[PDB]
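A.B. asks: I am attaching a structure below and will ask some questions about it afterwards.
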Amino acid sequence: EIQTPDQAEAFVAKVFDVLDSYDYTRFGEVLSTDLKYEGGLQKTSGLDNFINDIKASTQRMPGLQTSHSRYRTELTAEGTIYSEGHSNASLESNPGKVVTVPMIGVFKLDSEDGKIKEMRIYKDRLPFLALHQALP
Amino acid sequence: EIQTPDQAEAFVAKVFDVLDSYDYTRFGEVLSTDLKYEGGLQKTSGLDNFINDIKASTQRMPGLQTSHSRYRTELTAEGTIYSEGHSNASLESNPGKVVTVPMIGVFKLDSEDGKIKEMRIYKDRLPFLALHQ
């Protein structure tokens, strides 16, 4: 399982590689079915409701592309992952305009399979109004 | 110094009682002069630059009132304070129309006087556009 901050950061990179692929069939590899997610005022319980919300947002922002990087991750004695990095988005119809904001993810893992059971993402969404006006 | 999460929480509560007063002469009580601050796209180095950025931001939302709560604070072996809570904002002209968003603070302390030398605030500022109406 996850025992060091470098293992924690590698898992977070893997998690966002999956999320940013929008391959929804692979979300269950790293996210618990009972995932408790909070992203600002967006809040869901259950992996199905998480996927629905992402899908509802991909319909409102056609051509949306996202990527993530991280540079500083701590794994605490309580098992909490704090991972600071950046969130990037652009529209395929205008690939030159990229919006980037700092972001931090707070994660709790399932004690059996090591999937994310709690995921709280903090970032400022106001800059993304430069892409599309139908944000989460 | 800071040794328990309870002490970390109380310091963060004191820090935002100073920040939410907007008494810029008191900021230097809890913020180091070399403060490295990041709040979304806003990024400042030095306490004077931080005060100027907060001044500029408040000057365009006259009547702004802010407060902060917290429910989950961790103090790590590295001395990092992660504090999850909420950020509230309203206008003095309509004090019952409040916008509240979740917010997390990342803090690092000066080992000599205990003031904040690194403060990185993460929240969504988009909902606060509702205050302009």
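Following the order of the structure tokens, first chain is A, next is B, and so on, with residues numbered from 1 inside each chain and ligands from 1 in the order they appear.
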Which residues of chain A sit at most 7 Å from chain B, using only C-alpha atoms? Give each one's shortest atom pair and distance in Å (one decimal place), in chain and ascending residue order, as CSV.
C.D. replies:
residue,atom,partner,partner_atom,distance
A:40,CA,B:124,CA,5.8
A:41,CA,B:101,CA,6.6
A:76,CA,B:76,CA,6.1
A:101,CA,B:40,CA,6.0
A:102,CA,B:40,CA,5.9
A:103,CA,B:122,CA,6.7
A:122,CA,B:123,CA,5.3
A:123,CA,B:123,CA,5.2
A:124,CA,B:124,CA,4.0
A:125,CA,B:124,CA,5.5
A:126,CA,B:126,CA,4.5
A.B. asks: Could you dump the residues just selected with N, CA and C atoms as a PDB file, in the first residue's frame?
C.D. replies:
ATOM      1  N   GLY A  40     -15.274  22.587  -4.184  1.00  0.00           N
ATOM      2  CA  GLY A  40     -16.038  23.805  -4.004  1.00  0.00           C
ATOM      3  C   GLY A  40     -17.454  23.450  -3.592  1.00  0.00           C
ATOM      4  N   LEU A  41     -18.429  24.081  -4.238  1.00  0.00           N
ATOM      5  CA  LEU A  41     -19.829  23.784  -3.964  1.00  0.00           C
ATOM      6  C   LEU A  41     -20.319  22.520  -4.666  1.00  0.00           C
ATOM      7  N   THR A  76       0.427  12.090   6.110  1.00  0.00           N
ATOM      8  CA  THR A  76       0.486  12.302   7.546  1.00  0.00           C
ATOM      9  C   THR A  76       0.299  10.990   8.297  1.00  0.00           C
ATOM     10  N   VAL A 101      -4.339  27.147 -12.667  1.00  0.00           N
ATOM     11  CA  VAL A 101      -4.453  27.678 -11.312  1.00  0.00           C
ATOM     12  C   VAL A 101      -3.784  26.705 -10.351  1.00  0.00           C
ATOM     13  N   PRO A 102      -3.225  27.182  -9.241  1.00  0.00           N
ATOM     14  CA  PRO A 102      -2.777  26.251  -8.200  1.00  0.00           C
ATOM     15  C   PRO A 102      -3.967  25.502  -7.626  1.00  0.00           C
ATOM     16  N   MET A 103      -3.706  24.285  -7.165  1.00  0.00           N
ATOM     17  CA  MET A 103      -4.753  23.468  -6.576  1.00  0.00           C
ATOM     18  C   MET A 103      -4.132  22.555  -5.533  1.00  0.00           C
ATOM     19  N   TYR A 122      -9.425  21.652  -3.794  1.00  0.00           N
ATOM     20  CA  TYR A 122      -9.573  23.079  -3.609  1.00  0.00           C
ATOM     21  C   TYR A 122      -8.794  23.805  -4.706  1.00  0.00           C
ATOM     22  N   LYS A 123      -9.490  24.678  -5.420  1.00  0.00           N
ATOM     23  CA  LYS A 123      -8.855  25.510  -6.476  1.00  0.00           C
ATOM     24  C   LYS A 123      -9.809  26.649  -6.834  1.00  0.00           C
ATOM     25  N   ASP A 124      -9.301  27.701  -7.440  1.00  0.00           N
ATOM     26  CA  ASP A 124     -10.150  28.794  -7.821  1.00  0.00           C
ATOM     27  C   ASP A 124     -10.646  28.528  -9.232  1.00  0.00           C
ATOM     28  N   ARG A 125     -11.964  28.439  -9.371  1.00  0.00           N
ATOM     29  CA  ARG A 125     -12.589  28.184 -10.661  1.00  0.00           C
ATOM     30  C   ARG A 125     -12.869  29.454 -11.442  1.00  0.00           C
ATOM     31  N   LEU A 126     -12.847  30.614 -10.787  1.00  0.00           N
ATOM     32  CA  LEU A 126     -13.122  31.858 -11.498  1.00  0.00           C
ATOM     33  C   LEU A 126     -12.208  32.079 -12.701  1.00  0.00           C
TER      34      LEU A 126
END
A.B. asks: Just the residues within 10 Å of residue 62 in chain B, please, counting only C-alpha atoms, with nothing from its chain fewer than 3 positions along; format it as a list in words.
C.D. replies: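 Selected residues are residues 57, 58, 59, 65, 91, 92 and 93 of chain B.
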A.B. asks: Can I get the selection written as a PDB file, in the first residue's frame, with N, CA and C atoms?
C.D. replies:
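Ended up saving to result04.pdb:
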ATOM      1  N   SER B  57      -7.695  44.617  -3.471  1.00  0.00           N
ATOM      2  CA  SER B  57      -8.852  43.750  -3.660  1.00  0.00           C
ATOM      3  C   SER B  57     -10.070  44.258  -2.900  1.00  0.00           C
ATOM      4  N   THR B  58      -9.881  44.688  -1.652  1.00  0.00           N
ATOM      5  CA  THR B  58     -11.001  45.201  -0.873  1.00  0.00           C
ATOM      6  C   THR B  58     -11.496  46.544  -1.402  1.00  0.00           C
ATOM      7  N   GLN B  59     -10.606  47.357  -1.980  1.00  0.00           N
ATOM      8  CA  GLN B  59     -11.002  48.678  -2.463  1.00  0.00           C
ATOM      9  C   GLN B  59     -12.080  48.619  -3.540  1.00  0.00           C
ATOM     10  N   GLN B  65     -17.404  42.198   4.095  1.00  0.00           N
ATOM     11  CA  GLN B  65     -17.148  41.581   5.391  1.00  0.00           C
ATOM     12  C   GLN B  65     -16.807  40.119   5.155  1.00  0.00           C
ATOM     13  N   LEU B  91     -21.756  41.704   2.084  1.00  0.00           N
ATOM     14  CA  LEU B  91     -21.659  43.153   2.004  1.00  0.00           C
ATOM     15  C   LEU B  91     -22.384  43.772   3.191  1.00  0.00           C
ATOM     16  N   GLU B  92     -21.765  44.794   3.786  1.00  0.00           N
ATOM     17  CA  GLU B  92     -22.368  45.481   4.924  1.00  0.00           C
ATOM     18  C   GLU B  92     -23.759  46.009   4.593  1.00  0.00           C
ATOM     19  N   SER B  93     -23.998  46.345   3.326  1.00  0.00           N
ATOM     20  CA  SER B  93     -25.290  46.868   2.903  1.00  0.00           C
ATOM     21  C   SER B  93     -26.389  45.813   2.921  1.00  0.00           C
TER      22      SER B  93
END
A.B. asks: Quick one: residues within 10 Å of residue 105 in chain A, only C-alpha atoms counted, chain neighbours fewer than 4 positions away excluded, as a PyMOL selection string?
C.D. replies: (chain A and resi 12+38-39+70+73+81-85+118-123) or (chain B and resi 104+122)
A.B. asks: Residues near residue 22 in chain A, anyone? I mean within 10 Å using only C-alpha atoms, not counting same-chain ones fewer than 3 positions away, as a PyMOL selection string.
C.D. replies: chain A and resi 16-19+25-27+51+54-55+58+65-66
A.B. asks: To one decimal place in Å, what is the distance between CA of residue 14 in chain B and CA of residue 55 in chain B?
C.D. replies: 20.1 Å
A.B. asks: Please report the interatomic distance between CA of residue 108 in chain B and CA of residue 2 in chain A in Å with one decimal.
C.D. replies: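 Spanning CA of residue 108 in chain B to CA of residue 2 in chain A is a straight-line distance of 24.9 Å.
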A.B. asks: Identify all residues of range 6-133 of chain B in strand (DSSP E or B) (DSSP on the backbone) and supply them as number ranges by chain.
C.D. replies: B: 31-39, 42-45, 64-75, 81-91, 99-109, 116-123
